[PDB]
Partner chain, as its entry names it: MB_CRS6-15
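Below you'll find only one chain, the form deposited without its partner chain, shown as structure tokens.
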């Protein structure tokens, strides 16, 4: 992807995720999330947000999202995001924490979901209330690093 210089890791923690895939059992497992911000020198110092999902018991379980400042403009509209690119990672971190802290008896309840598909996977954090699954964020990840 982007060669990040001055890259800074903002978040590096395990998160409980409901991993869904067609034809397979749903598995609830801890996945490692790393959120990095950086400047792409090969691309006129564009700011990049990188999120990497990995498993410490499967070296081939690898999912990566990269969002540049330019990618964010479309993301912001599609997802109804109201803050700027700089403030976006903090909001994601807050959502991940709600998933980490979620208890089985919660109402409403937050959960992280990763649906694995062909050459792509969709990560979402949803708030489940009495009558629907309310999506707080939906993000597309590509396989690998």
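Numbering follows the first chain given and starts at 1.
Between 10 to 18 and 130 to 138, the higher mean Cα B-factor belongs to 130 to 138. As recorded in the PDB entry, 75 to 83 is the stretch of 75 to 83 and 92 to 100 with the greater mean C-alpha temperature factor. Within the listed group 66, 58, 26, 30, the record reports its top CA B-factor for 26. Sort the chain's modelled residues by C-alpha temperature factor and residue 144 lands in the middle third, per the entry. In this PDB entry, the Cα temperature factor of residue 107 sits in the top third of its chain's modelled residues, the highest group. Residue-level temperature factors show residue 45 in the middle third of its chain, judged at the C-alpha atom.
Another form exists, solved in complex with its partner chain; not displayed. Remarks below refer to it.
Annotation: in the bound PDB entry, residues 59, 140 and 144 none come within 4.5 Å of its partner chain through any heavy atom. This chain appears without its partner; in the bound PDB entry, the one residue of 70, 120, 97, 29 with a heavy atom within 4.5 Å of its partner chain is 97.
Taking non-hydrogen atoms only, residue 18 never approaches its partner chain to within 4.5 angstroms in the bound PDB entry. By the criterion of a heavy atom within 4.5 Å, residue 93 is counted among the residues contacting its partner chain in the bound PDB entry. Remark: residue 34 counts among the residues lining its partner chain in the bound PDB entry, judged by a heavy atom distance of 4.5 Å or less.
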